[PDB]
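J.:
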Amino acid sequence: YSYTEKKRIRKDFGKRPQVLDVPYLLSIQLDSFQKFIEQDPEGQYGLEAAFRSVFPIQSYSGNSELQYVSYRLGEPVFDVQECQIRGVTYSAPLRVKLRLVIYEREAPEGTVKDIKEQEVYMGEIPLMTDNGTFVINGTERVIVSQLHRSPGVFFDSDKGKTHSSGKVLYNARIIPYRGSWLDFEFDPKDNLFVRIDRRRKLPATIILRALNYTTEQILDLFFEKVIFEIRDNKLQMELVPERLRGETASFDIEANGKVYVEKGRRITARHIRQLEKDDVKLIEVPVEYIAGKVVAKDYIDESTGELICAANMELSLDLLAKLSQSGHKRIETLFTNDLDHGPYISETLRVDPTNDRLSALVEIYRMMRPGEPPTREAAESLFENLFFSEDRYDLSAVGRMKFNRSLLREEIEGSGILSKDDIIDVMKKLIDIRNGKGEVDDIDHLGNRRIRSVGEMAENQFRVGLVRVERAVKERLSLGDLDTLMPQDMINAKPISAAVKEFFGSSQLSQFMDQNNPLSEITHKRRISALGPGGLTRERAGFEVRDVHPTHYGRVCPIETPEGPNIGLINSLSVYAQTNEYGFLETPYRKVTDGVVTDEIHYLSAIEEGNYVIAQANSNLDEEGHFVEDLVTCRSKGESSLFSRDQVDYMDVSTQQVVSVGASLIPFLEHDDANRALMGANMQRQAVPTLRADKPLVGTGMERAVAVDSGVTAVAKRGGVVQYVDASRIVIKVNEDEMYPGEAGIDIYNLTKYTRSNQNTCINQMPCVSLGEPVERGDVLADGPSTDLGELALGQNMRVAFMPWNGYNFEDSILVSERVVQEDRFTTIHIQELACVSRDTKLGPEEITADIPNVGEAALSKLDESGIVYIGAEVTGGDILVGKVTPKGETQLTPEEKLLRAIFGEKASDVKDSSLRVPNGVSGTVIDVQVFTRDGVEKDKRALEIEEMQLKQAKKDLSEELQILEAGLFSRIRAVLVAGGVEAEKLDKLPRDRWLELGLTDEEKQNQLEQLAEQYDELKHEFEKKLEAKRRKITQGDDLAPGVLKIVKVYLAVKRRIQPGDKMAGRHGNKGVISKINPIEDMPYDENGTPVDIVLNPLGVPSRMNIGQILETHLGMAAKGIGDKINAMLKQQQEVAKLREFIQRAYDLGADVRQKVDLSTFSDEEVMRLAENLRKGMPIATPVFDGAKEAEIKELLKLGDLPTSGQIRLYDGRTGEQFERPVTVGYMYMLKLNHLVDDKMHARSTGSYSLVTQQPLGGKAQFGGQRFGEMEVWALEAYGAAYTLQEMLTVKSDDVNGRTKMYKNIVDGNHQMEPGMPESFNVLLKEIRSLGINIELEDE
Amino acid sequence: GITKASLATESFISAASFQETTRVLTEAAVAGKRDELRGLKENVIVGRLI
Amino acid sequence: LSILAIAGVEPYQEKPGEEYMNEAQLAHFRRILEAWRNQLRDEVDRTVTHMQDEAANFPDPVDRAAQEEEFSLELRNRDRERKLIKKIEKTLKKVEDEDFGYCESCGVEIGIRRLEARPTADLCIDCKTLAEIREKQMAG
Amino acid sequence: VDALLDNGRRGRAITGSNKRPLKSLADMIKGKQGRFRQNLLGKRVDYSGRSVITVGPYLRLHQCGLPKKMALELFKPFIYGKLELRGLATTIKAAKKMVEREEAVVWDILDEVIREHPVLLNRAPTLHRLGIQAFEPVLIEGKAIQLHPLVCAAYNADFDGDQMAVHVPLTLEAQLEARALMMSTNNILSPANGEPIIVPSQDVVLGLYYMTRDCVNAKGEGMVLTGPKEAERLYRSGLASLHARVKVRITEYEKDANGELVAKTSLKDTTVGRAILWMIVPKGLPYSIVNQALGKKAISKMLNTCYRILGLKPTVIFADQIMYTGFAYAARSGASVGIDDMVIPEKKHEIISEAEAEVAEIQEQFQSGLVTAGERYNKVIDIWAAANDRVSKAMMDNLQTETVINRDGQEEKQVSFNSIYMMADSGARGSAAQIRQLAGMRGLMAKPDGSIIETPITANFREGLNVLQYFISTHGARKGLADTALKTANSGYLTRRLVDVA
Ligand SMILES: [Mg+2]
Ligand SMILES: [Zn+2]
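Residue numbers (the UniProt record's numbering), protein chains in the order written: chain Y, 3 to 1342; chain E, 1308 to 1357; chain V, 12 to 151; chain A, 303 to 804.
(1) What residues match up with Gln69 (chain Y) in a beta bridge as DSSP calls it?
(2) In the DSSP assignment, what residue or residues form a beta bridge with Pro323 (chain A)?
(3) Along chain V, which residues have their Cβ under 8 Å away from the Cβ of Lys161 (chain Y)?
(4) In the DSSP output, what is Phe514 (chain Y) paired with across the bridge?
(5) For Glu126 (chain Y), name the three-state secondary structure that DSSP assigns.
(6) By the DSSP assignment, the alpha helix (DSSP H) with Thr525 (chain Y) in it spans what residues?
(7) Answer yes or no: does any C-beta atom of chain A fall closer than 7 Å to that of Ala128 (chain V)?
(8) Quick one: is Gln665 (chain A) near chain V, going by C-beta distance under 7 Å?
(9) Could you give the DSSP three-state label for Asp1126 (chain Y): helix, strand or coil?
(10) So is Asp1240 (chain Y) in contact with chain A if we call contact Cβ pairs under 7 Å?
(11) Check whether the Cβ of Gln736 (chain A) lies closer than 7 Å to any Cβ atom in chain V.
(12) List, in chain order, every chain A residue whose beta-carbon is nearer than 8 Å to that of residue 1346 (chain Y).
(13) Could you give the distance in angstroms between the alpha-carbon of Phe38 (chain Y) and the alpha-carbon of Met1273 (chain Y)?
(14) Any heavy atom of ligand 1 inside 6 Å of the beta-carbon of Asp464 (chain A)?
(15) Span of the alpha helix (DSSP H) holding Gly401 (chain Y)?
(16) Leaving out the 5 sequence neighbours to the left and right, which residues in its chain are closer than 6 Å to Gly682 (chain Y) when beta-carbon positions are compared?
(17) Kindly list, in the order they appear in chain Y, the residues whose Cβ is closer than 7 Å to that of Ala1336 (chain E).
(18) Would you give the residue range spanned by the alpha helix (DSSP H) that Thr607 (chain A) belongs to?
(19) Enumerate in chain order the residues of its own chain whose CB-to-CB distance from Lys9 (chain Y) is below 8 Å, with the five nearest sequence positions on each side excluded.
(20) I want to see whether chain A comes within less than 7 Å of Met1273 (chain Y), judged by CB atoms only; does it?
(21) Could you work out which residues of chain V lie near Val673 (chain A), taking near to mean beta carbons separated by less than 9 Å?
(22) Report back the beta-carbon spacing between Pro323 (chain A) and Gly444 (chain A) to the nearest angstrom; my notes put them in contact at under 8 Å.
(23) Is the Cβ-Cβ distance between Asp1160 (chain Y) and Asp462 (chain A) less than 7 Å?
(24) What residue range is occupied by the uninterrupted alpha helix (DSSP H) comprising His651 (chain A)?
(25) With a threshold of 7 Å between beta carbons, is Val442 (chain Y) in contact with chain V?
(26) Using the Cα positions of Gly703 (chain Y) and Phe670 (chain Y), report the straight-line distance between them to the nearest angstrom.
(27) Tell me whether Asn760 (chain Y) sits in a helix, a strand or coil according to DSSP, three-state version.
See below:
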């Protein structure tokens, strides 16, 4: 048992043992990017891969070739923190080595010279954080992994709804990784067609003609031959004994001197058995059956040299006579069977307007590029570039794999572009399914959906970056002089860095990290989307792809998906899921060999899994690990049934592996309706972090995994003991085993302190260890926000009781006791960033001076002499944060203003008042001021005080490092010097700096002291440079936008408590809007007097079948019972014996669990610290499907000395009388979501108006009025509200003149309206009148 | 049918609200059509009493 | 099958050379078919009666999606039961007439023990399965 | 020229340096759909705001709880007016500074301008004219809007965090318009079907039901009291049980004359609850209307008859009293819900083993190709489909009546007083449909196909579900949400077409 587990241990119900612990949840993000940016000395996906494809680039046959050597990644210009404050993207410079070779003219190749240009720079490429995010402009962003149709070929339907005939249709689609789509589709007439992209449909055979296949070769390929001999006179026929199945006799069919079947009897198993056993090879026939048959090849007249019949032409009873007299013994025909092998391609040829190769190559060119004439060079080049150019086409490896797979080939890798064979084999297979042999795919199956993620998608954006620079490089290499241009003159920087900046900056897949919550971050980074580039569109598909598919089991979560306009279009990654080498979705399983269940695990992709028969999660195995029952519920090929003991090939890994990280955090989930469960794990991520990190009384076990794997916490790199603990930093003196040989020293973890998050919430780390405590590798060193002691605590549990409280929980509304707001426990800390910009306008420069026209000293009190607000000043609405003035000269004031200025002697300023002031209603504490100044504009007074303080602070921090690092390093020197010369007292009198001289007798210890010497002088020198760059970065001109001189960013820390309007919900999809805040005096209490914190409405539970919220409340009730029990015994100071005796009883409970526990833990110093941590309640774990059962919950109620009902009688705090009936009370973990009221509440009387349409518009954040759309007008029309409507869309909005006539009237106290015409309509009149239309207003 | 019935409206302004606007004006502008208001939609458009 | 248990009938004791149509056997199978038809008719009536109480009592907006979901399943189901009754009735005409017991596609005879299992069987095991295969192929 | 007028009836001339095509004059009128300005939305509107909505049962039906902060900014020109009318401000510029200073003097002024001045409340999809209603505003410390609970039914508002908008009727006309047409009390009947739309919703109906209900034997059985006035006195002091069979003297009225009130006094056989309740019902109604059990259905028919006999005014104030009281007794009752409320039949596992062998029967016939394959699917699907109707009407007999209790003599059983039952029978929340998924097993689900799956959910919510059972429950849930997502779009288009032709 570990170190931060010994502190507080979650009682775990649930029987199935955990065999594989949840892996790093951020695997995907970190893994994928690492592959992209990394040296791979071969083609495997990466930056290397993209290069080797396009390179070598070669000039226009000029034998001037530019080849690709290798590439490097420069060090980050700013690190994570630095880059964030300033607003740069966190990027590294890409330096790539290029070699320019020139071939003599004319050359059996080899070079006159080659200049080996060192690393040209092509932009900076962003870098990923330690936790899988990017920084794009000082703002953390996430790149959502994508789901798109796997490359390969897929045969599809379009059954039913097509044409209102039924019939169905069948289509094939060849979807390559890069290059044009190739679609093959039928139609009602059973004609085969092809279309490139979604373009014009064309008769399928046209491409065969383009591959130099004529009519004869087209027939030979897709059809068999029926050979007709003219032997003696009039017609014999070669018979295949199988061909006659599914048809009826056409005449008297006889052979071998015996009539097997007569006219009119369908040829069945009887007739074919006779022919096959009697060996009937050749039969004589009548001349009329060939009246319909189609001739295969070309047959010409040997005498006249004329064409008798062209290939694919139907014969007649007279045409045969014409080629019989010409001496033709053979006539080859097509095998046509409308049950087995249908005459499809034949009819297409009769619909094909082309005949030769250039005919089709033109018809292809004119389809792609209509309007312009076809050419020989045009048609040939276009088609060769479509599916046969290494440059313009690639299936990738995945494409080649699924392609060959679906066609039942052997090779798993081959060509990267399509061949004449590939296309034919595909055309063949499409026909086969229509014939009844073979089945179609479905898009939804996770073997035909592939997952790409940042590493791959960036590759494509670099690839597109190169293809548009390649044209440019080829162009310069055309005219280029001798030894003057070098491989840098041609390659520009902006084109490469822009094509990648485009992506991370604005993209459907690049978004602001959902960071209000350690769960929110981790649930975002594990997210899928079928939208955007290469995927489906919301307006396209279409319920089949949105709906949950059988293949999601153990790969994609079935329940965590958004609840909006794109349901099922997102999904979230399952716990144990991982991405296949080829990019499919695989899941872990357990190898069941014969009748024993092993623990050796196998990863099975979506295609791999179907074949096997997989057992179930909940399966009882005992002793060696045989299945206990002779029959076990299992699922095999897409379905589920009972199976024999030794038929199961694998078994589920965990009871959990089907859900997501979000879904797994709900306790007693099994008992919750699927609808409400979705809402539960949907709202869990919206949990704003609380003031005091609680801990869930009712847990599942996953909470520790989510806390650690999300970055918010500080996890010990190396095990050791704590030397120094600060709210700022934590220093760990490493143990000897893990400590590296040289440099010795200590690991020092600097904590993140109060700072703005993406959602204006606060992200603050706190130390969770004490001075000199033992920690092991991978221990929790400091809690993030809404995490405690290593567990994920998204909220605070409280005493909750289900009962009507005079209607103050009418719908799902929540009723909260004052005890909560007094305890400041749902109080929530927010950090807003407000910025002031000194710009440059045409009239002049803006000054940040504190000289502000027409303001009293009352303002400039909270402002320093320079004009910036002091740190620490608690301000409210209206207070000025940064005084600012803009040049606005010669106001041109009116008569009465001049006299007023003259009466009171105000110096009507030549500068406008533009200062940044605090938005009305929001109020908080200033906790930080930043100043960013143009390079070359003078730093004002306060700006220099700041940049002076940052300097003094940075030196103290860095020097603290060296001071701690020296003593840490010197402490090892002291101990190795003791090994062969130990003079304990003699050594430490003299100056420690005067130690380096002391040597050692012949031994490796002399070579070890040599090691510590090296790493000493580097700390000495590495200090200097770290101080230099740090110092330059502060003073260096901070770069801003054009037109902007200097910027002041103030960071506010507003502390918002909790009030009616805030949305809150438990984890079970029970929303509710807090309605009244009651006195503890008025709360329902029990005979012990203890009030209850929240009074929820019982009606919300039966309707919405979220029954887990009840189980949670009861288990929570029992969990607090153990707490109150220990709290009494802990206050009694009973002694270790009585305490340990009671706790031990709790952790077993009934029998059969997985928990295990003491007495190993040191029966004193360790045991005592634990008891404290439990008195608030005993943390229990209900795994997802391995959860606790009613008996175990009720059993823990007995141990807590609490009623088994989970209900008690209560007394109304107002009347003091009893409540009839027992009511349920218990503890339910509850979240406060950030739909906080004082963010939603807006109001506007008269504000700014939009320029184009004089219409209320949010401009100064006094937001626009409510929009009064079409439907709200029908409302007034249904009433008689004729005037209410007029005023609504006249004076209240659009009537530029009416609004002021009204406002003036309002204060004069005359409620009237002088309406006139809405400007919205006046512009239509002008807009109409500026077209050719004479639109007037008639009459009077 | 309801959808077709609405397509015929005496007031051309009402039609350019929910029908295809380009077609309505052209068809109406060549005809020299006079709109007398009378209906609801249009009086709301032009902002006088329903 | 609990079908034989509900009634006081015991598995039929087919004798060695036992025929197929005597007074006692058709009187025996007529009763079973009539009793079977009468039970389904009572089931269809009970279904319709339950559905109307839901149609008469109005649920609250929140439980409407759950009531609507459950109302649709019964309706679909109800229509399925009505088809089955027509199928048994069709089978009752085959007993009375003289064209019961053989595959409709090929003249092959359908098994005796097989017909006691599914008296509504129209095809032999060979022909029926191929039809399901074409089905999955002609449809999807 | 052509790209200027309507670009798109050519090749689509693109804008400078920007790939996107440039928007022409015709495209400045056209849109999605038609004229943007008249299309939702729809023009933004001065004097307005919004926030999250909450409850407030203390309201009279003609009022609503409006945040102090909002009302100040909203009526700003009105306050500026009344302030200098009474002489509290030298000039408007001072008035601006006064309300900016939030001087306490202004609150007393605001209360003047607020009194007889209605505001308009509007909630998300405005579906019928009852989607906007006019209330009289009451000042609130807090940032949420307080919404009288009875209108929550009409709005299809729940409290899952929904927000509503406010609108100030400015002109004198708009005030008199909002008061005589859009006011709460003027619209209590739905214009679609004459029945009350201000029907008691859920919490409030659960109240009266528990109240006007009787159990076999409890304190107060059979005694007699002078009238309802002294019937209440008996309960509040713990001498009588709310539900005990009791004769009391009542006086009902009946206007059976020519619009004239006739009085009748009688010794009715009732319970204490129904006794207490009659003190609300105004004059001319018969005591018969409150003598029954009062479920959601009967509770609204009662309100209705009050309208069609006494008129608007008495019904309004009546309806208020119902709400105040319904909420109150629900609280006294201490009604709740725990795990032990969802009583599973003792016979459940029995029912299973029968249908489990029946499926084992239809399997036996399938085995090595006896009977065809597709038959077996639909054979089994039938033997499952029956058992759910068996389990349902099994638990429903146990859940319904099994409170077995005795009156002085031997034994007796009556409608259960179990918590979860009372809710559905009354109509407060949940339906026999939903109960069937809490206690009995929850039906069969169907795969994405629509083709119902041959192994139903054999577990219920009081039990756990296992891996597969939840995974099967998934499809119906997602398609369920998906569907109702579309049922929003379909309604919207249907109603839109209908008003265009009307
Ligand atoms: Mg809502
Ligand atoms: Zn057959």
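We treat Cβ as the ideally placed atom computed from N, Cα and C, and that holds for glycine.
T.: The structure says:
(1) In the DSSP output, where bridge partners are listed per residue, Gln69 (chain Y) has Y:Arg101.
(2) Beta-bridge pairing links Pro323 (chain A) to A:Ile316.
(3) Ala150 and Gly151
(4) Y:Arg143
(5) Here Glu126 (chain Y) sits in strand by DSSP.
(6) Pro520 to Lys527
(7) yes
(8) no
(9) Three-state result, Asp1126 (chain Y): helix.
(10) yes
(11) yes
(12) The displayed coordinates of chain Y run from 3 to 1342. Any statement about residue 1346 (chain Y) would go beyond what the structure contains.
(13) 52 Å
(14) yes
(15) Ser398 to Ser408
(16) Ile668, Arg1069, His1070 and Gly1071
(17) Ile1335
(18) Annotation: the continuous alpha helix (DSSP H) that includes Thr607 (chain A) extends over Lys598 to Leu612.
(19) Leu791, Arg1171, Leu1172 and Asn1175
(20) yes
(21) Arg125, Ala128, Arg129, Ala132 and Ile136
(22) In fact, because the Cβ distance is near 50 Å, the residues do not count as touching under 8 Å.
(23) With a cutoff of 7 Å on beta-carbon distance, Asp1160 (chain Y) and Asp462 (chain A) are scored as not near each other.
(24) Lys650 to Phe668
(25) Answer yes: the Cβ-Cβ gap between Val442 (chain Y) and chain V drops below 7 Å somewhere.
(26) Their backbone Cα atoms lie some 12 Å apart in a straight line.
(27) coil
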